[PDB]
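For the record, the sequence lines run as chains E and D. Per the authors' numbering, the very first residue in the first sequence carries number 27; after that it's consecutive. All the letters of the second sequence, read from the start, carry residue numbers 27 to 299, 335 to 548 under the authors' numbering. Data first, discussion second: the structure below is written as structure tokens.
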Amino acid sequence: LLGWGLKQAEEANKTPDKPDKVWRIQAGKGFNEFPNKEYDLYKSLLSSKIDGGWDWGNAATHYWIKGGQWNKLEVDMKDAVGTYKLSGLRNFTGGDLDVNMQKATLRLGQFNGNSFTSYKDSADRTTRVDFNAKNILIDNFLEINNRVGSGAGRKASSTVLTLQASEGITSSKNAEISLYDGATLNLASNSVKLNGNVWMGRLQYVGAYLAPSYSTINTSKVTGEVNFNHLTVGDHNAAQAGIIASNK
Amino acid sequence: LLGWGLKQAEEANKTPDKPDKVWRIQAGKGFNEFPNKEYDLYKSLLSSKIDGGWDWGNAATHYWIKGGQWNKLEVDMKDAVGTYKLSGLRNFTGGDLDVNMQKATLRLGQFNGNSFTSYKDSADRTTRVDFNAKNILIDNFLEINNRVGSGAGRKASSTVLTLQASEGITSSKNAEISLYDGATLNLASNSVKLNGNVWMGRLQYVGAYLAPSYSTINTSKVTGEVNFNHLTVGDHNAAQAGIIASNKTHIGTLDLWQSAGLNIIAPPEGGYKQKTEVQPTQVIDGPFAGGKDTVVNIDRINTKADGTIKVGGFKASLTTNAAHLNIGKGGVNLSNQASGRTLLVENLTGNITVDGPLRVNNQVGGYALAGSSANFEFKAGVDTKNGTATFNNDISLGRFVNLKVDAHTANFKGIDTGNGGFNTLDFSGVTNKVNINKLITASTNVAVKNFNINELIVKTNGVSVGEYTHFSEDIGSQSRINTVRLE
């Protein structure tokens, strides 16, 4: 009932969290010497400090960082040349990644899509999931602030999916970006061209036909040519989405 | 499920522990004046501050340091000349020994072997058991990270057995080194020669047929001649062991499992080298390239294969990113169950030179039934793509055995697949040439991109029609066959 103009203006100015256990992973040698290798990046680097899980209540998978979602991590490559896929991170609760991948083409999809959620606990935390790749090339679906299963388990709090590549964030025809009730996302490359389903706002729960369900795609400093193809605001609710674009 | 390449790269960079009660023992006088005495070293020095025990649950013996395993000790001799045996330390839980024995020959065996375990408590501690002897001369068995008895009592956490002598770590014929699910061990002398059973990975529990069971023998700075004799990776599990050697690794008998792995990794070229709480920089490497003179002379490969029957193969591997992979005269063996067993002889950034005959079920031709399609596999110079798979020996395929090579210029000398037929003689990843000198095919699935097979044999297959030598890809421009012979 608040309105998006209040909500984004008060959520774009926060402190991130209080993360204890700042795990600091760094890619060493071997990664930075094959320009065409097509690494995986979940199992080949991340999956030591990202654990699976089962929730008592609507579980299929459950991912956080390490011993509770109130922990950070980081990944400081800055030289690991290749092409890195994610391929299958579903119901990721986590917190405060920043996969700092200089000189690395990204991909977020092969044989499975992705998800980036948090939990509505007593902290009501964000996720602040950054990336710093070279392209991005999303190339499969992505479910920012989705539901765990259906109804059971817990509630989901907000999130941020910043994505700050440096060549152009293209996408695919079958890449349905489905950001929900709380999710925003920045972008800061030049010449985004999302050639797939941008789905701002959805029924996060199946019965909640009366959610406000805000969002934002704050493509804030995109210095080239913003270009959507298929924007689908709202689904069975008054989804008051917003976009703060960059004057084209 | 993590993989060894993550596990060792995150376990080689830790803090040891938080030990209270740093007992500091020091050998005084009397020890340093008999060069030939043959001391015992458990009872004569250690056994004041190492106590026995009984566990309620699967106990025979139980050793720790003093009042709980969270205590260190040390032994600072640095002059105690003699020859010191251990002889009988079984189920040692302990923690953080470093028996600093300068100018002292060691021994770890007489009338009884040894063990070095920890416990999987709420701390999940290592053991970090160092030594600093002059030779080592293991000379009996050793059970690093073993089980207490069987099942009962408690679980076991990780361990480290560093062994940093200064003359050469030999061993005995009856010295079975049995490192298990968690155990690693460094070595840093020159010219190791383990002339006994190296057993990486074992059933730590009797029912746990599904453990990952990693290990490592990081013979990291061994400045002389690494030399195994009998390496036996895996036992009824997918034991993904690894070795980070020092660019000359002669080994002898390799006895893998169906589904156990191996990662013999060469050095790099230059050689090696409330409140928010900040973990240290957990540096982790990726799969890198060997140096130039990185030699891996695995001169006999065997592969046992027994158990139940799965829908497919199991594909034991040995990722070997040295800039060579010579395989000598025993060549390649395999053993085949009802499903086709599979061997994965990779090389990331080197060559392959197999001068030995391929066998399966230990015969040169190696016939196999239609369901048991044995799958040999070679990947020479994968991530450089100028890697050759030279087979300087006459290979021989029986029936339902499968070769595939993904190399740059896979040279050969002689191929025998027409004796049995039904042999998937794949060449799907060959960059340019397959310079086979002699070819025998009857009912074969040869597919070469470019070649010059300067002699051809075209055999029949009795009465079966439709089954023949079926070239199934591009033969291309520079191709050549200097002699075709239809029998």
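Even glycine gets a Cβ: it sits at the ideal position worked out from N, Cα and C.
- Pairwise C-beta distances place the region 102 to 112 of chain E out of contact with the region 80 to 87 of chain E, as fewer than three of them are shorter than 8 Å.
- Residue-level contact by beta carbon fails for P42 (chain E) and chain D, as no gap is shorter than 8 Å.
- Bounds of any alpha helix (DSSP H) do not take in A53 (chain E); it lies within the beta strand (DSSP E) bounded by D46 to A53.
- Your pair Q190 (chain E) and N158 (chain E) checks out as a contact, with CB atoms roughly 5 Å apart and the cut at 8 Å.
- Between the alpha carbons of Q266 (chain D) and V218 (chain D) lies a gap of roughly 23 Å.
- In terms of Cα proximity to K336 (chain D), the closest of E:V48, E:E36 and E:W30 is E:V48.
- Its chain contains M127, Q128, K129, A130, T131, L132, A191, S192 and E193 as the residues whose beta carbon lies nearer than 8 Å to that of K160 (chain E), once the 5 sequence neighbours on both sides are disregarded; these appear in chain order.
- With 16 or more other Cβ atoms inside 10 Å of its own Cβ, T152 (chain D) counts as buried.
- Shown in chain order are the members of the region 105 to 131 of chain E whose Cβ falls below 8 Å from a Cβ of chain D: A106.
- For the region 339 to 368 of chain D, the set of residues with a beta-carbon nearer than 8 Å to any beta-carbon of chain E comprises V339, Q340, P341, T342, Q343, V344, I345, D346, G347, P348, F349 and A350, in chain order.
- Taking a Cβ-Cβ cut-off of 9 Å, the neighbours of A53 (chain E) in chain D comprise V344, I345, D346 and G347, given in sequence order.
- With a threshold of 16 other beta carbon atoms within 10 Å, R546 (chain D) falls short and is exposed.
- The alpha-carbon of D124 (chain D) is positioned some 41 Å away from that of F375 (chain D).
- Between the region 509 to 519 of chain D and the region 445 to 463 of chain D, the count of C-beta pairs closer than 8 Å stays below three; the two stretches do not touch.
- Leaving aside the five residues that flank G175 (chain E) on each side, the residues in its chain whose CB is nearer than 7 Å to its CB run, in chain order, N84, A85 and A86.
- Taking 8 Å as the upper bound for CB-CB distance, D156 (chain E) and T188 (chain E) are in contact here, some 5 Å apart.
- Under DSSP, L205 (chain D) forms a beta bridge with D:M226.
- Here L430 (chain D) carries a coil assignment [DSSP, helix/strand/coil].
- Following the DSSP letters along the chain, one finds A441 (chain D) inside the beta strand (DSSP E) bounded by residues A435 to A441.
- For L409 (chain D), there is no enclosing beta strand (DSSP E), as DSSP marks it with neither H nor E.
- In the three-state reduction of the DSSP assignment, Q190 (chain D) falls in the coil class, being assigned neither a helical nor a strand state.
- About 5 Å separates the CB atoms of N171 (chain E) and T185 (chain E); that is less than 8 Å, so the two are in contact.
- None of the residues of the region 447 to 470 of chain D has a beta carbon lying less than 9 Å from any beta carbon of chain E.
- Secondary-structure assignment with DSSP links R361 (chain D) through a beta bridge to D:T279.
- Contacts between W30 (chain E) and chain D, judged by CB atoms closer than 9 Å, are missing: the closest CB pair is about 32 Å apart.
- Here the alpha carbons of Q95 (chain D) and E338 (chain D) stand approximately 27 Å from one another.
- CA-to-CA, the gap between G260 (chain D) and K98 (chain E) works out to about 37 Å.
- With a contact defined as Cβ atoms closer than 8 Å, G222 (chain E) and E202 (chain E) qualify at about 6 Å.
- Per DSSP, reduced to three states, the secondary structure at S197 (chain E) is coil, with no helix or strand assignment.
- The continuous alpha helix (DSSP H) containing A35 (chain E) extends over residues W30 to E37.
- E534 (chain D) and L168 (chain E) have their C-alpha atoms roughly 40 Å apart.
- Runs of the beta strand (DSSP E) lying entirely within the region 481 to 533 of chain D, each at least 3 residues long, are 500 to 502 and 517 to 519 in chain order.
- DSSP places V466 (chain D) inside the beta strand (DSSP E), whose first and last residues are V462 to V466.
- Residue state for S378 (chain D) is assigned as strand, using DSSP reduced to three classes.
- Shown here, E59 (chain E) sits in a helix according to DSSP, grouped into three states.
- Residue pairing by DSSP places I170 (chain E) opposite E:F142 in a beta bridge.
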